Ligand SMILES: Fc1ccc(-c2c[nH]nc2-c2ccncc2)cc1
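Given as C-alpha cells, the chain that follows is alone and in the form solved without this ligand.
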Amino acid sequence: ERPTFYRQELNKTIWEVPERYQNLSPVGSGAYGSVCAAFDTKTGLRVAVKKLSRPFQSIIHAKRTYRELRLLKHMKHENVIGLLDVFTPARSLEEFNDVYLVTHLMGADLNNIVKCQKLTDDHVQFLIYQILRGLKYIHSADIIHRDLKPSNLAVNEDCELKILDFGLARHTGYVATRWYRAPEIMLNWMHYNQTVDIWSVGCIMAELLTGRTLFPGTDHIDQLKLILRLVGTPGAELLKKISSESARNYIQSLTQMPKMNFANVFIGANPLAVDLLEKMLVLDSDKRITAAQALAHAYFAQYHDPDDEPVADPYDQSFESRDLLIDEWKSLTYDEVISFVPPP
C-alpha cells in the first residue's frame, strides 16, 4: 500500500516523502542531491534521507543513481551504511523522476566527534578498527571507496562507526577529498588497487592521533609536495611502475626528498600505532598493507576477531560495462526501487 506523502521545501529542495518521516532538517547539500535528518515515527528512530537531484537528467547521473542504489542494497555490514528504505512519490515508471534513500542516522561525523570527545589511544584503536573492518567487507565486494575522509564516516556517541559516501560533490567544516587521496590515484600514475583506501585510513588515523590534517594540500601539486615531504620521493623501483609517462616525467623532475622516520614525527604515540601508520602510508601500493592484514596488526589486539570480520556476498557489477540510454538506466533503477525489501 502506497503511504500518504507530504511535500515540503527545505533549503530550496522540495521534499516529497511518506508521512512516517517527520521533522526533516538539513544535513548536507550539493550538486548531486541533499541529505536531511528526520524522525521515523514508525520505529521511533532518527534516520537520514538522501534525495538525488534530478537523477535521470543525464546518462552520468542516471548511471550514478543506479550504482548507488545497487550498492546500498547490497551492503549488509555493521560498519557500512545500509539501506532502511528507498521510495519514490511516483506511482508508475512514467512519472518516476525522484529517488529517496533512507538509513539509520548516526550522531555525527568523525570531525564532529573530535570537537566533542577527547580521543585517547583506545578510542583511536576502536575507530580505526571499525573503518578497516568495514573496508575489508567493501573491498571483498570488489569495490573501492575512493573518497574516504572524516566527513564520510558516521559515528555515534558510543564511538560506533559506519562508512558511507555522501556523494554530493561539495566544494568550499569542509573536508577536501584530496587531503586523504593516495598519490597514485590523485595523479593518475598507474592502474591503482584497493589500497588507495588504506592510504586514506592512514591519513585519518594520523589526524586522530595528532589533531591535525596530515596532508592539507591546497591543490594536487601542493598535495604531492606535502606527501613526499613525509614519505620521500619514489625510488627507482616505484618510478618504473608509474606507467603514465607524463606522471613519471613530472615525478622524476622533482628534487629528491628523504623518507622521514615516523617515530620522530608522531611523538608520543603508541609505537604500534606508528608501526601501522608506516605500513599504510607506503608510497608503493604493491607494498601497502591491506584491510585484512591491517586488522591482524597488533595495534588492534583488543578488538581483532578473525571469525567476526565478515566478507560480502558476491556483488554483480556487470552493469558497469553497459552503455545504456537514460531511460534504460531509469527503468533498471525503478525495478530496484520496486524490488526493495526492508531488513527485518
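One-based numbering along the sequence shown. Throughout, rigid core stands for the largest set of C-alpha atoms superposing within 1.5 Å between the two forms.
The following text describes the form deposited with this ligand bound, which does not appear among the structures shown.
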{"item": "Clash verdict for this ligand in the deposited bound form, overlaid onto the shown chain (3 or more atoms within 2.4 angstroms of backbone or C-beta)", "value": "blocked"}
{"item": "Candidate stretches 87 to 95, 122 to 130, 233 to 241, 263 to 271 - the one whose heavy atoms come within 4.5 Å of this ligand in the deposited bound form", "value": "233 to 241"}
{"item": "Residue contact check: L187 to this ligand in the deposited bound form, 4.5 Å heavy atom", "value": "yes"}
{"item": "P183 within 4.5 Å of this ligand in the deposited bound form, heavy atoms", "value": "yes"}
{"item": "4.5 angstroms heavy atom contact with this ligand in the deposited bound form for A296", "value": "no"}
{"item": "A292, heavy atom within 4.5 angstroms of this ligand in the deposited bound form", "value": "no"}
{"item": "Interface residue in the deposited bound form among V99, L228, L214, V201, criterion: non-hydrogen atom within 4.5 angstroms of this ligand", "value": "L228"}
{"item": "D284, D313, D305, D316 - the one with a heavy atom within 4.5 Å of this ligand in the deposited bound form", "value": "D284"}
{"item": "Contact at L224, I251 and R288 by this ligand in the deposited bound form, all three, heavy atom at most 4.5 Å", "value": "yes"}
{"item": "Core-superposed comparison between this form and the one not shown: the option from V114, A141, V274, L84 whose CA moves 2 angstroms or more", "value": "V114"}
{"item": "Displaced residue check between this form and the one not shown: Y32, CA, 2 Å or over, core reference", "value": "yes"}
{"item": "Inter-Cα distance between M106 and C116 in the deposited bound form, nearer or further [3 Å or more]", "value": "farther"}
{"item": "In the deposited bound form, whether the C-alpha atoms of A31 and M106 sit closer or farther than here (change of 3 Å or more)", "value": "closer"}
